[PDB]
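Under the authors' numbering, read the sequence shown as residues 1 to 130, first letter to last.
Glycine included, C-beta positions come from ideal geometry on N, C-alpha and C.
Working notes, structure below.
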Amino acid sequence: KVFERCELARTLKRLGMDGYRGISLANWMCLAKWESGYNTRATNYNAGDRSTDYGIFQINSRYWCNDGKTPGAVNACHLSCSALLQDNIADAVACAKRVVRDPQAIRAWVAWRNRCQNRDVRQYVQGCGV
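Here it is in C-alpha coordinates:
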(Lines of atoms letter the chains of each structure in order from A and count residues from 1; the text may use other names and numbers.)
(Lines give C-alpha, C1' and ligand atoms only; values in the text may rest on other atoms or scores of the structure.)
Protein backbone atom coordinates (compact mmCIF):
# COMPACT_ATOMS: atom_id res chain seq x y z
CA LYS A 1 0.00 0.00 0.00
CA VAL A 2 1.17 3.51 -0.78
CA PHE A 3 -0.12 5.84 1.94
CA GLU A 4 -1.17 9.40 1.30
CA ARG A 5 0.70 11.86 3.56
CA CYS A 6 -1.93 12.81 6.19
CA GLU A 7 -3.44 9.31 6.10
CA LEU A 8 -0.06 8.01 7.29
CA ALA A 9 0.44 10.79 9.87
CA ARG A 10 -2.80 9.85 11.62
CA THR A 11 -2.03 6.16 11.25
CA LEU A 12 1.35 6.61 12.94
CA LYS A 13 -0.17 8.79 15.69
CA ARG A 14 -2.80 6.14 16.44
CA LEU A 15 0.05 3.62 16.72
CA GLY A 16 1.84 5.58 19.46
CA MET A 17 4.66 7.10 17.38
CA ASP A 18 4.09 10.77 18.24
CA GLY A 19 7.02 11.59 20.51
CA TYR A 20 8.06 7.96 20.91
CA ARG A 21 11.42 8.13 22.67
CA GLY A 22 11.44 11.86 21.96
CA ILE A 23 10.94 11.44 18.22
CA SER A 24 8.26 13.72 16.78
CA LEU A 25 5.67 12.45 14.32
CA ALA A 26 7.13 14.83 11.68
CA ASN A 27 10.50 13.07 11.95
CA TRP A 28 8.89 9.63 11.42
CA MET A 29 7.01 11.01 8.39
CA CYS A 30 10.26 12.40 6.98
CA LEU A 31 11.85 8.96 7.50
CA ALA A 32 9.07 7.00 5.72
CA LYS A 33 8.98 9.58 2.92
CA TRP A 34 12.66 9.31 2.09
CA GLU A 35 12.98 5.57 2.77
CA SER A 36 10.07 4.30 0.65
CA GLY A 37 7.79 7.11 -0.51
CA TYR A 38 5.24 5.81 2.02
CA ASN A 39 5.25 2.40 0.28
CA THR A 40 4.72 -0.67 2.50
CA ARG A 41 5.84 -3.14 -0.20
CA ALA A 42 9.13 -1.43 -1.03
CA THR A 43 12.24 -3.62 -0.92
CA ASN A 44 15.87 -2.91 -1.65
CA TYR A 45 18.50 -5.62 -2.08
CA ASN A 46 22.03 -4.73 -1.04
CA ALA A 47 24.25 -6.93 -3.24
CA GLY A 48 27.28 -5.84 -1.23
CA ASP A 49 26.33 -7.57 1.98
CA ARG A 50 23.46 -9.84 0.90
CA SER A 51 20.88 -8.13 3.12
CA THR A 52 17.52 -6.62 2.11
CA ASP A 53 15.59 -3.54 3.35
CA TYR A 54 11.88 -4.08 3.90
CA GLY A 55 8.74 -1.98 3.89
CA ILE A 56 7.74 1.56 4.70
CA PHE A 57 10.78 2.22 6.95
CA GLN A 58 13.18 0.03 4.90
CA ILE A 59 14.25 -2.04 7.93
CA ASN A 60 17.29 -4.24 7.25
CA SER A 61 17.34 -8.05 7.42
CA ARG A 62 20.84 -8.28 8.88
CA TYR A 63 19.77 -7.23 12.37
CA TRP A 64 16.00 -6.64 12.59
CA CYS A 65 13.88 -9.24 10.81
CA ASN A 66 14.28 -12.78 9.50
CA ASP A 67 14.12 -13.52 5.77
CA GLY A 68 16.19 -16.70 6.06
CA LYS A 69 18.65 -15.66 3.32
CA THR A 70 20.96 -13.15 5.04
CA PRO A 71 24.28 -14.68 6.26
CA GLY A 72 24.69 -14.65 10.02
CA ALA A 73 21.74 -12.29 10.39
CA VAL A 74 19.78 -11.83 13.57
CA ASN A 75 16.13 -10.93 14.19
CA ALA A 76 15.85 -8.26 16.90
CA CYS A 77 12.21 -7.40 16.18
CA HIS A 78 11.49 -11.12 16.16
CA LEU A 79 9.40 -10.91 13.01
CA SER A 80 9.45 -12.49 9.60
CA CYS A 81 10.61 -9.76 7.21
CA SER A 82 7.32 -10.59 5.42
CA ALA A 83 5.53 -8.87 8.35
CA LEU A 84 7.20 -5.65 7.12
CA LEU A 85 5.50 -5.90 3.72
CA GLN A 86 1.91 -5.76 5.03
CA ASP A 87 -0.53 -2.95 4.17
CA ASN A 88 -1.16 -2.77 7.92
CA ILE A 89 1.93 -1.11 9.40
CA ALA A 90 1.38 -2.15 13.06
CA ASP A 91 4.25 -4.68 12.97
CA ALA A 92 6.55 -2.31 11.05
CA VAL A 93 5.84 0.35 13.71
CA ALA A 94 6.60 -2.10 16.57
CA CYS A 95 9.88 -2.94 14.84
CA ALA A 96 10.75 0.72 14.14
CA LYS A 97 10.23 1.38 17.85
CA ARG A 98 12.59 -1.51 18.60
CA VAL A 99 15.20 0.01 16.30
CA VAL A 100 15.15 3.37 18.14
CA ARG A 101 15.48 1.75 21.56
CA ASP A 102 19.11 1.13 20.54
CA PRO A 103 22.01 3.64 21.19
CA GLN A 104 21.69 5.59 17.91
CA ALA A 105 17.89 5.97 18.15
CA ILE A 106 16.51 7.63 14.97
CA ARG A 107 20.08 8.06 13.63
CA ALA A 108 20.16 4.31 12.85
CA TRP A 109 18.73 5.23 9.43
CA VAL A 110 21.33 7.09 7.38
CA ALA A 111 18.52 8.52 5.22
CA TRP A 112 17.16 10.32 8.30
CA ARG A 113 20.58 11.91 8.90
CA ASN A 114 20.84 12.91 5.22
CA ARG A 115 17.30 14.21 4.62
CA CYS A 116 15.68 14.97 7.97
CA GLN A 117 18.21 15.79 10.68
CA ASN A 118 18.59 19.54 11.35
CA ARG A 119 15.92 20.31 8.78
CA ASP A 120 12.46 21.89 8.79
CA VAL A 121 10.19 18.83 8.83
CA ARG A 122 7.01 20.64 10.00
CA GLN A 123 5.76 20.35 6.44
CA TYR A 124 5.21 16.60 6.75
CA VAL A 125 2.40 16.87 9.30
CA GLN A 126 0.85 20.19 8.26
CA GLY A 127 -2.90 20.05 7.89
CA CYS A 128 -3.16 16.40 9.00
CA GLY A 129 -4.89 17.01 12.32
CA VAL A 130 -2.12 15.48 14.42
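Own chain, CB closer than 8 Å to residue i, minus 5 neighbours either side, in chain order
i      : result
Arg101 : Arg21
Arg119 : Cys30
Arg113 : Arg107
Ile23  : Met17, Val100, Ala105, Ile106
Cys128 : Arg5, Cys6, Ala9, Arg10
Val121 : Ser24, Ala26, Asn27, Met29, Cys30
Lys13  : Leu25, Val130
Close-in-space but distant-in-sequence residues of the same chain around residue i (CB under 7 Å, 5 per side omitted)
i     : result
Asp67 : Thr52, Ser61, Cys81
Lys1  : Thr40, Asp87
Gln58 : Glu35, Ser36, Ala42, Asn44
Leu84 : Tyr54, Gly55, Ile59, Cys65, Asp91, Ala92, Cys95
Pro71 : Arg50
Sequence-distant residues of its chain with Cβ nearer than 6 Å to residue i (five each side left out)
i      : result
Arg115 : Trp34
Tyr63  : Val74, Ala76
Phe3   : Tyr38
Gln117 : none
Under 9 Å between C-beta atoms of residue i and residue j
i           : j      : result
residue 132 : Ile89  : Residue 132 is absent from the structure shown; the chain starts at 1 and stops at 130.
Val110      : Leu25  : no
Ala47       : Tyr124 : no
Pick from the options that is closest to residue i, judged by C-alpha positions
i      : options                     : result
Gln126 : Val93, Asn27, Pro103, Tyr54 : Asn27
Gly19  : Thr70, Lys97, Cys128        : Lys97
Where residue i sits in the DSSP three-state scheme
i      : result
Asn118 : coil
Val99  : helix
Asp91  : helix
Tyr38  : coil
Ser61  : coil
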